[PDB]
>>> print(open('input.cif').read())   # mmCIF, N, CA, C and O atoms and all ligand atoms
data_entry
loop_
_atom_site.label_atom_id
_atom_site.label_comp_id
_atom_site.auth_asym_id
_atom_site.auth_seq_id
_atom_site.Cartn_x
_atom_site.Cartn_y
_atom_site.Cartn_z
N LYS A 533 0.85 -1.18 0.00
CA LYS A 533 0.00 0.00 0.00
C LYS A 533 0.88 1.24 0.00
O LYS A 533 1.81 1.33 0.81
N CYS A 534 0.59 2.17 -0.90
CA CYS A 534 1.37 3.40 -0.99
C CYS A 534 1.24 4.19 0.30
O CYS A 534 0.15 4.68 0.63
N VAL A 535 2.33 4.31 1.06
CA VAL A 535 2.32 4.96 2.37
C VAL A 535 3.53 5.87 2.50
O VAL A 535 4.51 5.74 1.76
N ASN A 536 3.45 6.79 3.45
CA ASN A 536 4.55 7.71 3.75
C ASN A 536 5.35 7.13 4.91
O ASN A 536 5.13 7.46 6.07
N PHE A 537 6.30 6.27 4.58
CA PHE A 537 7.08 5.61 5.62
C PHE A 537 8.08 6.58 6.24
O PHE A 537 8.38 7.65 5.70
N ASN A 538 8.58 6.19 7.41
CA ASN A 538 9.67 6.89 8.09
C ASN A 538 10.45 5.82 8.86
O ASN A 538 10.12 5.51 10.01
N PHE A 539 11.47 5.27 8.23
CA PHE A 539 12.24 4.16 8.78
C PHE A 539 13.50 4.70 9.42
O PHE A 539 14.47 5.03 8.73
N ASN A 540 13.50 4.79 10.75
CA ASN A 540 14.68 5.17 11.52
C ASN A 540 15.21 6.53 11.09
O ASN A 540 16.42 6.78 11.09
N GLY A 541 14.30 7.42 10.71
CA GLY A 541 14.65 8.75 10.25
C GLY A 541 14.68 8.91 8.74
O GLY A 541 14.64 10.04 8.26
N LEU A 542 14.75 7.81 7.99
CA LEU A 542 14.75 7.87 6.54
C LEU A 542 13.31 8.04 6.06
O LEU A 542 12.48 7.15 6.24
N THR A 543 13.02 9.19 5.46
CA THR A 543 11.68 9.51 5.00
C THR A 543 11.51 9.09 3.55
O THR A 543 12.47 8.75 2.85
N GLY A 544 10.26 9.10 3.08
CA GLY A 544 10.00 8.77 1.70
C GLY A 544 8.51 8.55 1.46
O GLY A 544 7.68 9.04 2.22
N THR A 545 8.22 7.82 0.39
CA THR A 545 6.85 7.49 0.02
C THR A 545 6.90 6.36 -1.00
O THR A 545 7.58 6.49 -2.02
N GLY A 546 6.19 5.28 -0.73
CA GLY A 546 6.15 4.17 -1.66
C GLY A 546 5.50 2.96 -1.04
O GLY A 546 5.15 2.95 0.15
N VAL A 547 5.32 1.94 -1.86
CA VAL A 547 4.81 0.66 -1.39
C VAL A 547 5.97 -0.17 -0.86
O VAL A 547 7.06 -0.20 -1.45
N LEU A 548 5.75 -0.82 0.27
CA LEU A 548 6.73 -1.69 0.89
C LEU A 548 6.30 -3.13 0.69
O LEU A 548 5.16 -3.50 1.01
N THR A 549 7.20 -3.95 0.15
CA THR A 549 6.89 -5.34 -0.13
C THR A 549 7.96 -6.24 0.47
O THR A 549 9.06 -5.79 0.81
N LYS A 550 7.63 -7.51 0.63
CA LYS A 550 8.62 -8.49 1.07
C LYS A 550 9.70 -8.64 0.01
O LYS A 550 9.42 -8.67 -1.19
N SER A 551 10.95 -8.74 0.46
CA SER A 551 12.11 -8.69 -0.41
C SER A 551 12.83 -10.03 -0.41
O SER A 551 13.13 -10.57 0.65
N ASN A 552 13.11 -10.54 -1.60
CA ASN A 552 13.97 -11.72 -1.72
C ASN A 552 15.44 -11.39 -1.50
O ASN A 552 16.24 -12.31 -1.34
N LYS A 553 15.80 -10.11 -1.49
CA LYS A 553 17.18 -9.72 -1.22
C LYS A 553 17.57 -10.13 0.19
O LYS A 553 16.81 -9.95 1.14
N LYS A 554 18.76 -10.69 0.32
CA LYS A 554 19.29 -11.13 1.61
C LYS A 554 20.38 -10.15 2.03
O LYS A 554 21.52 -10.22 1.55
N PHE A 555 20.02 -9.24 2.92
CA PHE A 555 21.00 -8.34 3.51
C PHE A 555 22.02 -9.13 4.32
O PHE A 555 21.67 -10.09 5.00
N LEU A 556 23.27 -8.72 4.24
CA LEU A 556 24.26 -9.23 5.18
C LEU A 556 24.00 -8.61 6.55
O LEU A 556 23.43 -7.52 6.65
N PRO A 557 24.38 -9.30 7.63
CA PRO A 557 23.99 -8.83 8.97
C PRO A 557 24.41 -7.40 9.28
O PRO A 557 23.68 -6.70 9.99
N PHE A 558 25.55 -6.95 8.77
CA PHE A 558 26.02 -5.61 9.09
C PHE A 558 25.29 -4.52 8.32
O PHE A 558 25.30 -3.36 8.75
N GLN A 559 24.66 -4.86 7.19
CA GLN A 559 24.01 -3.85 6.36
C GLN A 559 22.70 -3.39 6.98
O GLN A 559 22.04 -4.12 7.72
N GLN A 560 22.31 -2.15 6.66
CA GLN A 560 21.08 -1.56 7.17
C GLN A 560 20.06 -1.28 6.07
O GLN A 560 18.94 -1.77 6.15
N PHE A 561 20.42 -0.51 5.05
CA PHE A 561 19.48 -0.23 3.98
C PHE A 561 20.19 -0.28 2.63
O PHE A 561 21.32 0.19 2.50
N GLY A 562 19.50 -0.85 1.64
CA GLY A 562 20.08 -1.03 0.33
C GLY A 562 20.00 0.22 -0.51
O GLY A 562 19.46 1.25 -0.12
N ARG A 563 20.56 0.12 -1.72
CA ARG A 563 20.54 1.22 -2.67
C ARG A 563 20.47 0.66 -4.08
O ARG A 563 20.97 -0.44 -4.35
N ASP A 564 19.86 1.42 -4.97
CA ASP A 564 19.71 1.02 -6.35
C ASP A 564 21.02 1.21 -7.10
O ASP A 564 22.04 1.60 -6.53
N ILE A 565 21.00 0.91 -8.40
CA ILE A 565 22.17 1.16 -9.23
C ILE A 565 22.39 2.66 -9.40
O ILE A 565 23.53 3.12 -9.53
N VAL A 566 21.31 3.45 -9.37
CA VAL A 566 21.40 4.89 -9.56
C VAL A 566 21.46 5.60 -8.22
O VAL A 566 21.21 6.81 -8.13
N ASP A 567 21.80 4.86 -7.17
CA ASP A 567 22.04 5.41 -5.83
C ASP A 567 20.78 6.04 -5.24
O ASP A 567 20.80 7.16 -4.74
N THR A 568 19.68 5.30 -5.31
CA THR A 568 18.45 5.65 -4.61
C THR A 568 18.08 4.50 -3.68
O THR A 568 18.32 3.34 -4.02
N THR A 569 17.52 4.83 -2.52
CA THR A 569 17.18 3.81 -1.54
C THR A 569 16.16 2.83 -2.11
O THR A 569 15.03 3.20 -2.41
N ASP A 570 16.58 1.58 -2.28
CA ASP A 570 15.75 0.54 -2.87
C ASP A 570 15.15 -0.40 -1.83
O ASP A 570 13.98 -0.78 -1.95
N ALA A 571 15.91 -0.78 -0.81
CA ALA A 571 15.43 -1.66 0.24
C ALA A 571 15.87 -1.12 1.59
O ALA A 571 16.89 -0.44 1.71
N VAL A 572 15.08 -1.45 2.62
CA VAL A 572 15.35 -1.01 3.98
C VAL A 572 15.16 -2.20 4.91
O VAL A 572 14.58 -3.22 4.55
N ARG A 573 15.68 -2.06 6.13
CA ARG A 573 15.51 -3.07 7.17
C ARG A 573 14.70 -2.48 8.30
O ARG A 573 15.02 -1.40 8.81
N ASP A 574 13.65 -3.18 8.70
CA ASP A 574 12.77 -2.69 9.76
C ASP A 574 13.54 -2.62 11.07
O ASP A 574 14.10 -3.64 11.50
N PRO A 575 13.62 -1.46 11.72
CA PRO A 575 14.35 -1.38 12.99
C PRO A 575 13.75 -2.22 14.10
O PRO A 575 14.44 -2.51 15.08
N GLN A 576 12.48 -2.62 13.98
CA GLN A 576 11.82 -3.38 15.04
C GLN A 576 11.94 -4.88 14.81
O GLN A 576 12.49 -5.60 15.65
N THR A 577 11.42 -5.37 13.69
CA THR A 577 11.37 -6.80 13.44
C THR A 577 12.56 -7.32 12.65
O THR A 577 12.64 -8.53 12.39
N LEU A 578 13.49 -6.45 12.26
CA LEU A 578 14.67 -6.83 11.49
C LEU A 578 14.29 -7.56 10.20
O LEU A 578 14.93 -8.53 9.80
N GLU A 579 13.23 -7.08 9.56
CA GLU A 579 12.78 -7.61 8.28
C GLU A 579 13.24 -6.69 7.15
O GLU A 579 13.37 -5.48 7.34
N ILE A 580 13.47 -7.28 5.98
CA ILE A 580 13.96 -6.55 4.82
C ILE A 580 12.78 -6.28 3.89
O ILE A 580 12.12 -7.22 3.44
N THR B 823 20.11 -4.72 -30.42
CA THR B 823 19.60 -4.98 -29.08
C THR B 823 19.17 -3.67 -28.43
O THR B 823 20.00 -2.79 -28.18
N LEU B 824 17.87 -3.54 -28.16
CA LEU B 824 17.33 -2.34 -27.55
C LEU B 824 17.52 -2.36 -26.03
O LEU B 824 16.80 -1.67 -25.30
N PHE B 829 11.36 0.20 -25.53
CA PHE B 829 11.96 0.84 -24.37
C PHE B 829 10.90 1.09 -23.30
O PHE B 829 11.22 1.37 -22.15
N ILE B 830 9.63 0.98 -23.70
CA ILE B 830 8.50 1.11 -22.78
C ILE B 830 7.75 -0.21 -22.64
O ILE B 830 7.55 -0.71 -21.53
N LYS B 831 7.34 -0.81 -23.76
CA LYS B 831 6.46 -1.97 -23.75
C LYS B 831 5.26 -1.71 -22.86
O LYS B 831 4.38 -0.91 -23.21
N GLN B 832 5.21 -2.37 -21.71
CA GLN B 832 4.20 -2.09 -20.68
C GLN B 832 4.88 -2.05 -19.31
O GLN B 832 4.43 -2.69 -18.35
N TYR B 833 5.96 -1.30 -19.22
CA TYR B 833 6.82 -1.24 -18.04
C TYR B 833 6.17 -0.57 -16.85
O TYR B 833 6.90 -0.31 -15.89
N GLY B 834 4.87 -0.27 -16.87
CA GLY B 834 4.23 0.35 -15.72
C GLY B 834 4.42 -0.43 -14.44
O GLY B 834 4.45 0.15 -13.35
N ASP B 835 4.55 -1.75 -14.54
CA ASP B 835 4.87 -2.61 -13.41
C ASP B 835 6.32 -3.07 -13.52
O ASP B 835 6.77 -3.52 -14.58
N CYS B 836 7.06 -2.93 -12.41
CA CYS B 836 8.48 -3.28 -12.37
C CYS B 836 8.71 -4.70 -11.86
O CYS B 836 9.74 -4.97 -11.24
N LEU B 837 7.76 -5.60 -12.10
CA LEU B 837 7.85 -7.01 -11.72
C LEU B 837 8.03 -7.19 -10.21
O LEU B 837 8.50 -8.24 -9.76
N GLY B 838 7.67 -6.18 -9.42
CA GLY B 838 7.83 -6.28 -7.98
C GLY B 838 9.26 -6.25 -7.50
O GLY B 838 9.52 -6.63 -6.36
N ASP B 839 10.20 -5.80 -8.34
CA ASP B 839 11.62 -5.75 -8.00
C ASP B 839 12.13 -7.11 -7.53
O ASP B 839 12.84 -7.22 -6.53
N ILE B 840 11.75 -8.16 -8.27
CA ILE B 840 12.13 -9.51 -7.87
C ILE B 840 13.60 -9.80 -8.14
O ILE B 840 14.17 -10.70 -7.53
N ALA B 841 14.23 -9.06 -9.06
CA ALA B 841 15.65 -9.25 -9.38
C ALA B 841 16.29 -7.88 -9.57
O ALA B 841 16.33 -7.35 -10.68
N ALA B 842 16.79 -7.32 -8.47
CA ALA B 842 17.45 -6.01 -8.46
C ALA B 842 16.51 -4.98 -9.08
O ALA B 842 15.28 -5.11 -9.01
N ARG B 843 17.07 -3.95 -9.71
CA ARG B 843 16.28 -2.96 -10.43
C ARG B 843 17.03 -2.60 -11.71
O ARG B 843 18.17 -2.13 -11.65
N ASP B 844 16.38 -2.80 -12.85
CA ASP B 844 17.00 -2.49 -14.12
C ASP B 844 17.16 -0.98 -14.27
O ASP B 844 16.59 -0.18 -13.52
N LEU B 845 17.96 -0.58 -15.26
CA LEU B 845 18.15 0.84 -15.52
C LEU B 845 16.85 1.50 -15.97
O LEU B 845 16.60 2.66 -15.64
N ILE B 846 16.03 0.78 -16.74
CA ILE B 846 14.78 1.36 -17.21
C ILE B 846 13.86 1.68 -16.04
O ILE B 846 13.23 2.74 -16.00
N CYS B 847 13.77 0.76 -15.07
CA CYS B 847 12.92 1.01 -13.91
C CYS B 847 13.44 2.18 -13.09
O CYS B 847 12.66 3.02 -12.62
N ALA B 848 14.75 2.26 -12.88
CA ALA B 848 15.31 3.37 -12.12
C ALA B 848 15.07 4.70 -12.83
O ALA B 848 14.77 5.71 -12.18
N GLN B 849 15.20 4.72 -14.15
CA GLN B 849 14.90 5.93 -14.91
C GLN B 849 13.43 6.30 -14.79
O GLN B 849 13.09 7.48 -14.62
N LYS B 850 12.55 5.31 -14.87
CA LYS B 850 11.12 5.60 -14.89
C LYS B 850 10.67 6.27 -13.60
O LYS B 850 9.84 7.19 -13.62
N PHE B 851 11.21 5.83 -12.46
CA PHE B 851 10.74 6.32 -11.18
C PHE B 851 11.10 7.78 -10.93
O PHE B 851 10.59 8.36 -9.97
N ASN B 852 11.95 8.39 -11.75
CA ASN B 852 12.18 9.83 -11.69
C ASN B 852 11.86 10.42 -13.05
O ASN B 852 12.76 10.75 -13.82
N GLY B 853 10.58 10.60 -13.33
CA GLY B 853 10.10 11.41 -14.44
C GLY B 853 10.55 11.08 -15.85
O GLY B 853 10.10 11.75 -16.79
N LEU B 854 11.39 10.07 -16.05
CA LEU B 854 11.96 9.78 -17.37
C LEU B 854 11.22 8.61 -18.00
O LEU B 854 11.52 7.45 -17.71
N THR B 855 10.26 8.90 -18.87
CA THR B 855 9.48 7.87 -19.53
C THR B 855 9.79 7.90 -21.02
O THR B 855 10.32 8.88 -21.54
N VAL B 856 9.47 6.81 -21.71
CA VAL B 856 9.70 6.69 -23.14
C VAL B 856 8.37 6.45 -23.82
O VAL B 856 7.71 5.44 -23.55
N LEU B 857 7.98 7.36 -24.69
CA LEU B 857 6.75 7.14 -25.44
C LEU B 857 6.99 6.10 -26.54
O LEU B 857 8.08 6.03 -27.10
N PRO B 858 5.99 5.28 -26.86
CA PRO B 858 6.17 4.28 -27.90
C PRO B 858 5.97 4.89 -29.27
O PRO B 858 5.22 5.87 -29.42
N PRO B 859 6.62 4.36 -30.29
CA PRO B 859 6.45 4.90 -31.64
C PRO B 859 5.03 4.69 -32.15
O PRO B 859 4.35 3.74 -31.76
N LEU B 860 4.60 5.60 -33.01
CA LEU B 860 3.24 5.51 -33.55
C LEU B 860 3.07 4.28 -34.43
O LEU B 860 2.02 3.64 -34.40
N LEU B 861 4.08 3.94 -35.22
CA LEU B 861 4.02 2.81 -36.14
C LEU B 861 4.76 1.63 -35.54
O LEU B 861 5.98 1.70 -35.34
N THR B 862 4.04 0.55 -35.25
CA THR B 862 4.70 -0.62 -34.70
C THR B 862 5.53 -1.31 -35.77
O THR B 862 5.42 -1.02 -36.96
N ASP B 863 6.38 -2.23 -35.33
CA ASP B 863 7.27 -2.92 -36.26
C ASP B 863 6.51 -3.77 -37.25
O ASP B 863 7.00 -4.03 -38.36
N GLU B 864 5.31 -4.23 -36.89
CA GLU B 864 4.48 -4.95 -37.85
C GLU B 864 4.07 -4.04 -39.01
O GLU B 864 4.08 -4.46 -40.17
N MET B 865 3.70 -2.80 -38.70
CA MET B 865 3.30 -1.87 -39.75
C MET B 865 4.49 -1.45 -40.60
O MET B 865 4.36 -1.27 -41.82
N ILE B 866 5.66 -1.28 -39.98
CA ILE B 866 6.86 -0.97 -40.75
C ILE B 866 7.20 -2.12 -41.69
O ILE B 866 7.58 -1.90 -42.85
N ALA B 867 7.07 -3.35 -41.20
CA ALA B 867 7.31 -4.51 -42.06
C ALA B 867 6.28 -4.58 -43.18
O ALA B 867 6.60 -4.99 -44.30
N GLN B 868 5.03 -4.21 -42.90
CA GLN B 868 4.01 -4.19 -43.94
C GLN B 868 4.35 -3.17 -45.02
O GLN B 868 4.20 -3.45 -46.22
N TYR B 869 4.81 -1.98 -44.62
CA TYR B 869 5.21 -0.97 -45.60
C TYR B 869 6.39 -1.45 -46.43
O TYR B 869 6.42 -1.26 -47.65
N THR B 870 7.39 -2.06 -45.79
CA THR B 870 8.54 -2.56 -46.52
C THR B 870 8.15 -3.67 -47.49
O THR B 870 8.63 -3.72 -48.62
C1 LIG A 901 11.52 -5.19 19.66
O1 LIG A 901 10.50 -5.51 20.58
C2 LIG A 901 9.54 -6.41 20.06
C3 LIG A 901 8.39 -6.52 21.04
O2 LIG A 901 7.92 -5.24 21.38
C4 LIG A 901 10.21 -7.75 19.74
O3 LIG A 901 9.32 -8.64 19.11
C5 LIG A 901 11.38 -7.53 18.80
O4 LIG A 901 12.13 -8.70 18.60
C6 LIG A 901 12.31 -6.46 19.36
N1 LIG A 901 13.40 -6.19 18.45
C7 LIG A 901 14.70 -6.35 18.75
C8 LIG A 901 15.00 -6.85 20.14
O5 LIG A 901 15.60 -6.11 17.95
#
>>> encode(input="input.cif", output="structure tokens")
Amino acid sequence: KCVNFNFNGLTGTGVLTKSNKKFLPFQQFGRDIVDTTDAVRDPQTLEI
Amino acid sequence: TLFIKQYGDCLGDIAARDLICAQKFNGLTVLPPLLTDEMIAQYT
């Protein structure tokens, strides 16, 4: 659902979906090829 | 080897994000040509 998220201070707007991407444990939020935030990690449930 | 087709859906980002999808999400769209390749082949 298109929502105005705010993940640990990172603001934006978009639909959030379950991700097949597997973050390494040290990583926090992903980035696209054009250097835009593509994936994030939930600060509460540690979901990607 | 080639721009729009029906790219309105980005396949749910199931495999990274292609350059076309990244371009589309910031105002950069590609209009399709008026004459499809079938019509060009018919003219030829
Ligand atoms: C945050 O707290 C919730 C319960 O409120 C818990 O389920 C979750 O695992 C916690 N996250 C941590 C400890 O990273």
>>> residues_near_ligand(input="input.cif", ligand="ligand LIG 901 (chain A)", cutoff="8 Å", atoms="only N, CA, C and O atoms and all ligand atoms", output="PDB file with N, CA, C and O atoms, in the coordinates of the input")
ATOM      1  N   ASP A 574      13.650  -3.180   8.700  1.00  0.00           N
ATOM      2  CA  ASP A 574      12.770  -2.690   9.760  1.00  0.00           C
ATOM      3  C   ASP A 574      13.540  -2.620  11.070  1.00  0.00           C
ATOM      4  O   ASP A 574      14.100  -3.640  11.500  1.00  0.00           O
ATOM      5  N   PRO A 575      13.620  -1.460  11.720  1.00  0.00           N
ATOM      6  CA  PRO A 575      14.350  -1.380  12.990  1.00  0.00           C
ATOM      7  C   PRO A 575      13.750  -2.220  14.100  1.00  0.00           C
ATOM      8  O   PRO A 575      14.440  -2.510  15.080  1.00  0.00           O
ATOM      9  N   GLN A 576      12.480  -2.620  13.980  1.00  0.00           N
ATOM     10  CA  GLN A 576      11.820  -3.380  15.040  1.00  0.00           C
ATOM     11  C   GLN A 576      11.940  -4.880  14.810  1.00  0.00           C
ATOM     12  O   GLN A 576      12.490  -5.600  15.650  1.00  0.00           O
ATOM     13  N   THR A 577      11.420  -5.370  13.690  1.00  0.00           N
ATOM     14  CA  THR A 577      11.370  -6.800  13.440  1.00  0.00           C
ATOM     15  C   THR A 577      12.560  -7.320  12.650  1.00  0.00           C
ATOM     16  O   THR A 577      12.640  -8.530  12.390  1.00  0.00           O
ATOM     17  N   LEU A 578      13.490  -6.450  12.260  1.00  0.00           N
ATOM     18  CA  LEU A 578      14.670  -6.830  11.490  1.00  0.00           C
ATOM     19  C   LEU A 578      14.290  -7.560  10.200  1.00  0.00           C
ATOM     20  O   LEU A 578      14.930  -8.530   9.800  1.00  0.00           O
TER      21      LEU A 578
END
>>> interface_residues(input="input.cif", of="chain B", to="chain A", cutoff="7 Å", atoms="only N, CA, C and O atoms", output="PyMOL selection string")
chain B and resi 838-840+843-844+848
>>> residues_near_point(input="input.cif", point="(5.3, 6.1, 0.9)", cutoff="4.5 Å", atoms="only N, CA, C and O atoms", output="ChimeraX atom specification")
/A:535-537,544-546
>>> residues_around(input="input.cif", residues="residue 542 of chain A", least_positions_apart="2", cutoff="10 Å", atoms="only C-alpha atoms", output="list in words")
residues 537, 538, 539, 540, 544, 561, 569 and 572 of chain A
>>> atom_distance(input="input.cif", atom1="atom N of residue 836 of chain B", atom2="atom O of residue 864 of chain B")
28.0 Å
>>> atom_distance(input="input.cif", atom1="atom CA of residue 559 of chain A", atom2="atom CA of residue 850 of chain B")
26.6 Å
>>> select_by_dssp(input="input.cif", residues="chain B", states="helix (DSSP H, G or I)", output="NGL selection string")
:B and (837-839 or 845-850 or 863-869)
>>> atom_distance(input="input.cif", atom1="atom C of residue 846 of chain B", atom2="atom C of residue 867 of chain B")
28.9 Å
